[PDB]
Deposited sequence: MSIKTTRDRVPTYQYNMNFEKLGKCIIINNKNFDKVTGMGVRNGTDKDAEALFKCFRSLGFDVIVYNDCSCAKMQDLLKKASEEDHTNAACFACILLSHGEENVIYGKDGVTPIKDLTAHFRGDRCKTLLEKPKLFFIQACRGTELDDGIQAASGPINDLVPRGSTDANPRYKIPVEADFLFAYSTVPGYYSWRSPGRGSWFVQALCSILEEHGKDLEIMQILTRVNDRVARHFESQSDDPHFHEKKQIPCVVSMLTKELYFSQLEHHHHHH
């Protein structure tokens, strides 16, 4: 009664947006290491049970349409939904290959009223991108969980040969405890593992979940 009901045919859809190469008119550089991240993320989430698909170098129109179409699909037999963003980022926005687009516009499509088949089900968003200085009734905003690579305003570090710190940590924890720990315990251990690397960066978790989340039983 205190856990989300996972007794469903599918665990859910998991979209992974992998933006590595950006157009020159944006001014952003190549993201070496993100390929190693996405692959690591693909294996982990597939092990959990997600039906995962990976889209490379997406534009702002693509990302928006990609998640709009996803909120229009039938999730009646799905236990939940998950999206992972791996791109460049500024104050409250995410980058495409042709510019910027708001994160809150990508998630809005999954609001309780905008996506009925996902009501009372968890919508997870994991974002790996930067942020800084730019030059019988139920709520519609409930059951969302965001896991940012960094707090609002600071940088997120990435290694060309090893990949990003947040992703490396996230996959390590999921590989071993993905089936026996609650979602907040996993993300809390990620916070710690990322913190213990410079001794700066520290992930942020925003939870509007109403029950505990486990990926099994």
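Asks: Let me make sure I understand the coverage. Which parts of the deposited sequence, in order from the N-terminal end, have no C-alpha coordinates here?
Replies: Unmodelled stretches: 1 to 11, 147 to 171, 236 to 246, 265 to 272.
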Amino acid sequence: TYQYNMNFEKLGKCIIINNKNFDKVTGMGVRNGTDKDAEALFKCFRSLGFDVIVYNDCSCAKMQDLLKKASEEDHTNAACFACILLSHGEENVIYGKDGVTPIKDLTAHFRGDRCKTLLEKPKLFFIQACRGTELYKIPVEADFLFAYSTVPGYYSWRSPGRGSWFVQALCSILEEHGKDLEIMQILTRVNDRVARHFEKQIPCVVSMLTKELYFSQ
From here on, numbers count along this sequence of modelled residues.
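We call the rigid core whatever largest set of C-alpha positions still superposes within 1.5 Å between the two forms.
Asks: After a core fit, does 204 to 212 or 189 to 197 show the bigger CA gap to the shown form in 4 other deposited structures of this protein?
Replies: Larger mean C-alpha displacement, comparing 189 to 197 and 204 to 212 in 4 other deposited structures of this protein, is found in 189 to 197.
Asks: Where both flanking residues are modelled in the other PDB entries compared, is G132 itself missing in a third or more?
Replies: It is, since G132 is left out of at least a third of the other entries that model both flanking stretches.
Asks: Using the B-factors recorded in the PDB entry, average over the C-alpha atoms of 152 to 160 and of 166 to 174, then report which stretch comes out higher.
Replies: Comparing averages over the C-alpha atoms only gives 152 to 160.
Asks: Tell me which of 74 to 82 and 136 to 144 has the higher mean C-alpha B-factor in the deposited entry.
Replies: The stretch with the larger mean CA B-factor is 136 to 144.
Asks: By the CA temperature factor listed in this entry, which of these ranks top: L124, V93, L119, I127?
Replies: Of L124, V93, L119, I127, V93 has the highest C-alpha B-factor.
Asks: If you rank the chain by CA B-factor, which third does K24 end up in: lowest, middle or highest?
Replies: According to the entry, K24 has a C-alpha B-factor in the chain's highest third.
Asks: Once the chain's modelled residues are ordered by C-alpha B factor and cut into thirds, is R193 in the lowest, middle or highest one?
Replies: Middle third by C-alpha B-factor.
Asks: Lowest, middle or highest third: which one holds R46 when the chain's residues are ordered by CA B-factor from the entry?
Replies: Its C-alpha B-factor, which the entry lists for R46, ranks in the lowest third among residues of this chain.
Asks: Pull the Cα B-factor of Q185 out of the PDB entry and bin it into the chain's lowest, middle or highest third.
Replies: It falls in the bottom third of the chain.
Asks: Using the B-factors in the PDB entry, rank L67's C-alpha atom against the chain and give the third, lowest, middle or highest.
Replies: It falls in the middle third of the chain.
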